[PDB]
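# Chains, contacts and geometry: an overview
Each chain, written out:
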Amino acid sequence: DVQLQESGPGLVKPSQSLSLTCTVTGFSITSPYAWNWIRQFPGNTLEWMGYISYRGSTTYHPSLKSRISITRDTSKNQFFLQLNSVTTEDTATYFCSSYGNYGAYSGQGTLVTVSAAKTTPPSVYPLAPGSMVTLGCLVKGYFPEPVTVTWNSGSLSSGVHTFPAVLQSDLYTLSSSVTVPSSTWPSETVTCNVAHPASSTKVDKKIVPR
Amino acid sequence: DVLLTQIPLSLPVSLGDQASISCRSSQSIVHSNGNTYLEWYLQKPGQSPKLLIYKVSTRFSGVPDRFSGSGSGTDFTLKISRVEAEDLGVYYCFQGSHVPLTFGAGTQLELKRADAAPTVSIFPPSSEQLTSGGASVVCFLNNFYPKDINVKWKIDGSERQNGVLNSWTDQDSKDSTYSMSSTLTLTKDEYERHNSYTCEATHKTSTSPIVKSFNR
């Protein structure tokens, strides 16, 4: 029923300014009390940025005050975040959140990457070994996040481990492994499926013995 | 700024057991109106933080009765009478009493299980990568418990730390284990001027590591 939804550019260049919009449905942004912006740093800590009250007055985090602006549109039932001299350090998941006597509602979050990097497709490498057998896939040097890694188009899932992407240096890298019975490989086909929406990349890599 | 200190940061529990997380305030969190804006959020993996308890002890809509919250002054407690599998994630306390509104570091509620050694797998660089002048040696230390393990790489009898990048998964929903991947990134020339590549799973040693290697 009640829903808060963030939208905006998911990629911003350093020195530029990020602008996010929260679209509220279920009730008016004119209902008490606070209409907040929160952020969650990469694999990390949550920081409250500021809020706009049901009466249009703002309160900010003293560290952010000077770079931050929270406005609203009561007609459109939306509130906004503007964060100015952005830095690589402002890369986080941004959430819009409401608070009152009912408790609180939040958005699903929008990831905002702050980088000077250009859209790079991933290089997908098949990892074969030199009763159970482990195979791998190296998804190296892509930008921005995310990619989607599957094995045998989704028909494998069971013994799969997909590892979070590590950032080095302006580019992301991740690996995935699959552990299947020795009777199954190389007798049957094990394929690594990698998709990178940002660069319209869709690679299929067969794991072949050396 | 009010600092919120969470005890513990890792909480291993068995399904059906009691669990208690403590949040200690560096100063009073009583707002100018008399209310204490102390909240507890739960963040499930892949999801956003969601409110459990607000105003110290008031449960939010749809929150089970196994979750209760208490406290006064500077010490607040979240109790889970009987831990269910849907309850796993990171628990945050939050204060909305004084500006700036602050959060604790989060408490990873985790599923306790018997110790399991990792499955160590070493992979030489792929010939497709060498074509571009790079050579990544990949190692997987899969399905282990608890996180008390590390990677050590050796090239021709010497530990190597430069060019190593590690990645950890969250607690596995299959068997409550952990996994990590380690990548040794060399140039094609670096790779071609060495022969022995070793990957090791180490544990406060004393202990004998689980070793995997190849000759080039």
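Regarding how it was determined, this PDB entry cites X-ray crystallography in its header, along with a resolution of 2.7900 Å.

This next bit is on the overall build of chain A. Along its length, chain A carries 0 helices and 19 strands. A globule of 210 residues ought to have a C-alpha radius of gyration of about 17 Å, yet chain A, at 22 Å, is considerably larger. By principal-axis analysis of the C-alpha atoms, chain A measures approximately 70 × 40 × 25 Å. Out of the 210 residues in chain A, the part that is buried amounts to 47%. Total accessible area computed for chain A in this model is approximately 9,500 Å², and 50% of it derives from carbon and sulfur atoms. Between the averaged position of the 13 positive side-chain charges in chain A and that of its 10 negative side-chain charges there is a distance of 5 Å.

In this assembly, 47 residues from chain A lie in contact with 42 residues from chain B. Overall, the association of chain A and chain B removes approximately 3,400 Å² of surface from exposure, summing both partners, and the carbon and sulfur fraction of that is 63%. There are 1 salt bridge connecting chain A and chain B. Here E128 of chain B ties to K205 of chain A by a salt bridge, and the two come within 2.8 Å at their closest N and O atoms. In this structure, the connection of chain A to chain B is made through 11 residue pairs in polar contact. Its residues assigned to classes, the side of chain A that touches chain B comprises 22 nonpolar, 21 polar and 4 charged.

Bringing the state of the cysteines into the picture now. All names here are of chain B. Counted by the stated rule, this structure contains 4 disulfides over all chains. The side chain of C23 participates in a disulfide bridge whose partner is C93; the two sulfur atoms lie 2.1 Å from each other. Disulfide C23-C93: the torsion about the S-S bond is 70°, which places it as right-handed. Of this pair, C23 sits in strand β3 (residues 19–25) while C93 is found in strand β9 (residues 89–95), placing the two residues 70 residues apart along the sequence. Here the two residues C23 and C93 agree in accessibility, since each one is buried. With its sulfur 2.0 Å from that of its partner, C139 forms a disulfide with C199. Where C139 bonds to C199 through sulfur, the torsion about that S-S bond is close to -85°, and the disulfide is left-handed. Here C139, found in strand β13 (residues 134–144), pairs with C199, found in strand β18 (residues 196–202); they are 60 residues apart in sequence, far enough to count as distant. The burial state of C139 is the same as that of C199; both residues are buried. Each bonded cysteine in chain B gets a number by its place in the sequence, and the pairs come out as 1-2, 3-4.

Another point: the domain arrangement of chain A. All names here are of chain A. According to the domain assignment, chain A contains domain 1 (1–116) and domain 2 (117–207). At the junction of the two partners, domain 1 supplies 6 residues and domain 2 supplies 7 residues. Taking both sides of the interface into account, the surface hidden between domain 1 and domain 2 amounts to around 470 Å²; carbon and sulfur atoms contribute 57%. Ranking the residues of domain 1 by area buried against domain 2 places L11, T113 and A116 at the top, with a combined share of 57%. Run the count over domain 1 and domain 2 and you get 1 residue pair in polar contact. Here the residues of the side of domain 1 that touches domain 2 are counted per class, giving 3 nonpolar, 2 polar and 1 charged.

With that settled, the discussion passes to the sheet that holds strand β1 (residues 3–7) of chain A. All names here are of chain A. A sheet is described by the order of its strands in space; here 4 strands give the open sequence β1-β3-β8-β7, paired in antiparallel fashion. Unpaired on one side and paired on the other, β1 and β7 (68–73) mark the two borders of the sheet. The mean inter-strand angle of the sheet, taken between neighbouring strand axes irrespective of direction, is 20°. In the sheet, β1 pairs with strand β3 (residues 18–25) via 5 bridges, with the strands oriented antiparallel. In the sheet register, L4 faces β3, and the bridge partner there is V24.

Residue and element names in this part refer to chain B. By domain assignment, chain B separates into domain 1 (1–113) and domain 2 (115–214). Here the C-alpha centre of domain 2 lies 37 Å away from the C-alpha centre of domain 1. Listed per partner, the contact involves 6 residues of domain 1 and 9 residues of domain 2. In total, about 610 Å² of surface goes out of reach between domain 1 and domain 2, with carbon and sulfur atoms giving 39% of it. Summed over the three residues of domain 1 that lose the most area to domain 2, namely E110, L111 and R113, the buried surface amounts to 83% of that side.

Turning our attention to the pattern of salt bridges. All names here are of chain B. In total, this model carries 15 salt bridges over all chains according to the counting rule given. Taking the shortest distance from any N to any O, the salt bridge between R160 and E190 comes out at 3.5 Å. Residue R160 is located in strand β15 (residues 158–160), and its partner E190 is located in helix α2 (residues 188–192); the two are separated by 30 residues in the primary sequence. Of the residues examined, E190 reaches a relative accessible area of 22% and is grouped as partly exposed. One salt-bridge network, held together by shared partners, links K44, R66, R82, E84, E86 and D87.

Analysis parameters
- Per the conventions used, each chain is numbered from 1 along its written sequence, independently of whether this matches the entry, and residues without coordinates are not displayed.
- Whichever chain is written first is A, and whichever ligand is written first is 1; the rest continue in order.
- The basis for every side-chain value is the complete set of heavy atoms in the structure, and neither hydrogens nor water enter the calculation.
- Residues with missing side-chain atoms are left out of burial classes, side-chain pairs and their counts.
- Only DSSP runs of H or I with at least four residues qualify as helices, and only runs of E with at least two residues qualify as strands; both kinds are numbered from the N terminus onward.
- Here the globule rule reads 2.2 Å times residues to the power 0.38, and the radius of gyration is calculated from C-alpha atoms.
- A simple rule labels every residue: compare its accessible area, found with a 1.4 Å probe on the protein chains alone, to the largest value its type can have, and call it buried under 20%, exposed over 50%, or partly exposed in between.
- Working definition of accessibility: Shrake-Rupley area with a 1.4 Å probe, residue cover restricted to the visible protein chains.
- Only four residue types enter the charge count, namely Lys and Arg as positive and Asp and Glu as negative; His and the chain termini do not.
- Throughout, a charge is located at the NZ atom of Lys, the CZ atom of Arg, the CG atom of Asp or the CD atom of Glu.
- We call two residues in contact whenever any of their non-hydrogen atoms come within 4.5 Å of each other.
- Once two parts are brought into contact, the accessible area they lose, counted with a 1.4 Å probe and summed over both, makes up the buried area.
- Put simply, a salt bridge is a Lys or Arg side-chain nitrogen that is within 4 Å of an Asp or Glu carboxyl oxygen.
- Counted as a polar contact is a pair of N or O atoms within 3.5 Å, where, for protein atoms, one must be capable of donating a hydrogen and the other of accepting one, and residues adjacent in sequence contribute only when both atoms are in side chains.
- All residues other than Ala, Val, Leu, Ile, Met, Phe, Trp, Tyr, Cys, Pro, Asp, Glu, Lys and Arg, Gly among them, are scored as polar; the first ten of these are nonpolar and the last four charged.
- When two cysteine sulfur atoms are found within 2.5 Å, that pair is recorded as a disulfide.
- Domain extents, as shown, originate in an automatic or database domain assignment.
- Strand pairing is assigned whenever DSSP detects at least two bridges linking the two strands.
- Axes here refer to lines fitted to C-alpha atoms; in helices the fit is confined to the stretch in contact. Angles between the N-to-C directions go from 0 to 180 degrees.

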